[PDB]
Structure formats: structure tokens, C-alpha cells
Amino acid sequence: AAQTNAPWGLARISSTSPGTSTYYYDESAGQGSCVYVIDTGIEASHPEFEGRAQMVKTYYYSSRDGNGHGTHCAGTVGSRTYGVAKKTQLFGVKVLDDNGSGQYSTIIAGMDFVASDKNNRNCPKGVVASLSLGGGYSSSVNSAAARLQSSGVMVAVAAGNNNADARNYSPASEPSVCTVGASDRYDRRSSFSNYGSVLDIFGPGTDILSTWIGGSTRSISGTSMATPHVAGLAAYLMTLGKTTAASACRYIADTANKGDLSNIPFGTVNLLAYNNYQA
């Protein structure tokens, strides 16, 4: 399948080269997979989600996304126009308030929630969790992400936006999950992207167009935007039977575009998420 005039990041993940604008992907499109977006919520009524999004948990007075960040990330996973996996099921878990903040204890509870809640959902092709969030190093936060991964969920986490080594941030620094840095449309490391040995992969993160609240769209930047590209890619590949939740991060690294990014520090992987789709 071909989507013309796609967001540059979608085009990038199905291309051997930067500078194109058509997204190519197998029409299965993540059907039968599930992606949890652990964030500020999802505006599930947005036409771009086509009924495939729902809120399953909140820790606040509402499950509404009063911020936009979670809706934007969910749109990159699975919206019809802005999403990687355009037929996945999206599940929202609101661990962040409408200012985008959340206590680590709430974030931990949300991760343990997903590990259990997937047993209440139909996801025959597999389960992914996207965590476009983080803070300072916490062994408890990392352990929660490790448990979620161990339970059979492909966990993708943002590396962080500090232009620093991700070893000092959580859940970015948990080794067993998929830690995602950000790149721009010219295949440069995004100026804000964290780096380091713990990164597994880069995805598009500068000037990413996606859904926003109020039934709108906008373009924003962050490792928060790169992470859902990888989460959606995992769901897409799992639907295709190419990999499993336990091995999808490694498979994405194995099949990535290699050596194409600039300003990657010595010791950080030079790997850009790629679906290897041959139309």
C-alpha cells in the first residue's frame, strides 16, 4: 500500500533514503495487534482514529486528554493519516495529568496495569506499549518497565530530550526495553535527543505532524514523537509475523537503516527504524 503526501517520518520509515514523501506498507497494517499509549490520554473521538482508540484507565478525575501530547503520540502509532500501524487497536492509559506531569508511583502502576490488562483484550498478533515520558533515574521505574516487557509486551520508551546520555533517565535507561532516540528529516540526530549506549534505535522526532485535541492536528518535536513510530512499527511487524514482543526491538535494530544518521556520538548506535517493506 502507498500513502501519498505522508508525514516525512512515515515516509522515512519505509525508505532507504531521506527526502521522499510517500509511505509504503503492507496493507495488514497492524490489524490484530494492540498498542497501549501510556501518557496524557487519547481523544478517542478524533475521526483519525476511526473507532479503533479507547481509554482503558485513568488515575485522575477524567480520562480525557486535556493536553494533546497523548493524542499526538497515539496518532503516530495508529491514526489513519499520521500513523505507522493504521489498523492497530489503541488503548489509552492516563498516567500523566493535563499539564503533562505524573508521579513515578502512578507511572509504575500504569505499567503494571498494562501487563495485566492485556489479558482482558483481544490482541492475537501481540501487544506493544509506548511510553513517551521519563524523568531522572529510578530503579523502581526501570523495574516496572522491565516487568512489562517480561510479561510479553513490546515496550518502547523515549530516550529523553536533554541532549545528554540517557543512562541518567528512566525508563530510558532500563536495558531490557526499546529506548528510542530522535532524528530529523535530513537524517541528523535531533538537536535535543539523548544518546548513549542504552539507545536501541532512532525514529523520526523533529517536526512530526499528528493528531491533536479538539479534532485538530499539529507538528511538534521530541523523542516522544520518535517512540510511537517504533511502537507502531513493532505492532506492524508483529501482525506480519516477522517478530515477537520479546524480540521486536532486536529485530528492528537488525533490520534498521545503518550508518545513515549524522551527529551520532561515538558509542551510540547509528540505526534508524525501517520497515523493509518491498511494494
# chains A, B, ... in the order shown; residues from 1 in each chain; ligands from 1
$ select_by_dssp --residues "region 110-254 of chain A" --states "strand (DSSP E or B)" --output "PyMOL selection string"
chain A and resi 126-131+135-136+153-158+165+169-170+178-183+188-189+195+201-204+208-212+216-220
$ write_last_selection --atoms "C-alpha atoms" --output "compact mmCIF listing (two decimals), in the first residue's frame"
# COMPACT_ATOMS: atom_id res chain seq x y z
CA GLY A 126 0.72 -9.18 20.01
CA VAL A 127 0.88 -6.26 22.39
CA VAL A 128 3.01 -3.09 22.43
CA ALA A 129 3.35 -0.29 24.98
CA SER A 130 4.54 3.20 24.03
CA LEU A 131 5.96 5.40 26.82
CA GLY A 135 12.41 11.65 34.39
CA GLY A 136 15.53 11.15 36.43
CA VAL A 153 4.66 -6.60 25.83
CA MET A 154 6.98 -4.85 23.39
CA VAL A 155 7.97 -1.80 25.46
CA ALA A 156 9.19 1.29 23.58
CA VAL A 157 10.37 4.27 25.64
CA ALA A 158 11.60 7.76 24.81
CA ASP A 165 23.42 10.38 27.95
CA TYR A 169 16.93 8.95 32.90
CA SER A 170 14.11 6.48 33.45
CA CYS A 178 13.45 -0.44 23.49
CA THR A 179 14.97 3.00 24.06
CA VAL A 180 14.28 5.36 21.16
CA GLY A 181 16.20 8.47 20.12
CA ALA A 182 15.03 11.09 17.64
CA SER A 183 16.18 12.16 14.17
CA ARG A 188 20.55 14.32 11.61
CA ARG A 189 20.30 13.40 15.26
CA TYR A 195 22.11 9.41 23.21
CA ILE A 201 17.16 2.69 17.77
CA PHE A 202 16.31 6.12 16.34
CA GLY A 203 12.99 7.18 14.88
CA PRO A 204 11.66 10.40 13.33
CA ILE A 208 6.22 15.36 13.36
CA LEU A 209 2.65 16.03 12.21
CA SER A 210 -0.06 14.09 14.03
CA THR A 211 -3.45 14.33 15.73
CA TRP A 212 -4.20 16.89 18.42
CA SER A 216 -7.14 19.01 15.17
CA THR A 217 -3.58 18.33 14.02
CA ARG A 218 -0.19 19.87 14.67
CA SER A 219 3.53 19.32 14.29
CA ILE A 220 5.75 19.02 17.37
$ residues_around --residues "residue 81 (chain A)" --least-positions-apart "6" --cutoff "10 Å" --atoms "only C-alpha atoms" --output "count of residues only"
12
$ select_by_dssp --residues "region 27-86 of chain A" --states "helix (DSSP H, G or I)" --output "list in words"
residues 47, 48, 49, 69, 70, 71, 72, 73, 74, 75, 76, 77 and 78 of chain A
$ residues_around --residues "residue 270 (chain A)" --least-positions-apart "4" --cutoff "10 Å" --atoms "only C-alpha atoms" --output "VMD selection string"
chain A and resid 189 199 to 202 253 256 to 266
$ closest_residue --among "A:172, A:122, A:213, A:163" --to "residue 194 (chain A)" --atoms "only C-alpha atoms"
A:163
$ closest_residue --among "A:244, A:206, A:162, A:255" --to "residue 186 (chain A)" --atoms "only C-alpha atoms"
A:206
$ closest_residue --among "A:115, A:148, A:96, A:37" --to "residue 67 (chain A)" --atoms "only C-alpha atoms"
A:96
$ atom_distance --atom1 "CA of residue 72 (chain A)" --atom2 "CA of residue 86 (chain A)"
14.3 Å
$ residues_around --residues "residue 52 (chain A)" --least-positions-apart "4" --cutoff "9 Å" --atoms "only C-alpha atoms" --output "PyMOL selection string"
chain A and resi 44+78-79+87-91
$ write_last_selection --atoms "N, CA, C and O atoms" --output "tab-separated table (two decimals), in the first residue's frame"
chain	number	residue	atom	x	y	z
A	44	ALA	N	-10.19	9.86	21.84
A	44	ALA	CA	-10.60	8.71	21.03
A	44	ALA	C	-11.66	9.06	20.00
A	44	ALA	O	-11.78	8.37	18.98
A	78	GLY	N	-1.04	4.96	15.23
A	78	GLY	CA	-2.15	4.27	14.62
A	78	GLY	C	-3.27	5.07	13.99
A	78	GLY	O	-4.28	4.48	13.58
A	79	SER	N	-3.13	6.39	13.86
A	79	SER	CA	-4.16	7.12	13.13
A	79	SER	C	-4.11	6.80	11.63
A	79	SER	O	-3.08	6.38	11.08
A	87	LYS	N	-4.22	0.04	11.27
A	87	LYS	CA	-5.33	-0.81	11.70
A	87	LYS	C	-5.13	-1.41	13.09
A	87	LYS	O	-5.91	-2.29	13.48
A	88	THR	N	-4.14	-0.95	13.85
A	88	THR	CA	-4.00	-1.46	15.21
A	88	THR	C	-5.13	-0.94	16.10
A	88	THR	O	-5.83	0.03	15.77
A	89	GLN	N	-5.31	-1.61	17.24
A	89	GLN	CA	-6.18	-1.15	18.30
A	89	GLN	C	-5.35	-0.34	19.28
A	89	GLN	O	-4.30	-0.80	19.73
A	90	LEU	N	-5.84	0.84	19.64
A	90	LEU	CA	-5.14	1.75	20.54
A	90	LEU	C	-5.84	1.78	21.89
A	90	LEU	O	-7.05	1.97	21.95
A	91	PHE	N	-5.06	1.63	22.96
A	91	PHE	CA	-5.58	1.66	24.32
A	91	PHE	C	-4.88	2.78	25.07
A	91	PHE	O	-3.65	2.79	25.17
$ residues_around --residues "residue 124 (chain A)" --least-positions-apart "5" --cutoff "9 Å" --atoms "only C-alpha atoms" --output "list in words"
residues 32, 33, 34 and 239 of chain A
$ closest_residue --among "A:20, A:120, A:190, A:99" --to "residue 39 (chain A)" --atoms "only C-alpha atoms"
A:99
$ residues_around --residues "residue 104 (chain A)" --least-positions-apart "5" --cutoff "9 Å" --atoms "only C-alpha atoms" --output "list in words"
residues 109, 134, 135, 138, 140 and 141 of chain A
$ residues_around --residues "residue 279 (chain A)" --least-positions-apart "5" --cutoff "12 Å" --atoms "only C-alpha atoms" --output "number ranges by chain"
A: 1-3, 14-15, 22-27
$ atom_distance --atom1 "CA of residue 196 (chain A)" --atom2 "CA of residue 268 (chain A)"
4.9 Å
$ closest_residue --among "A:149, A:76, A:63, A:31" --to "residue 8 (chain A)" --atoms "only C-alpha atoms"
A:76
$ closest_residue --among "A:42, A:11, A:238, A:77" --to "residue 214 (chain A)" --atoms "only C-alpha atoms"
A:42
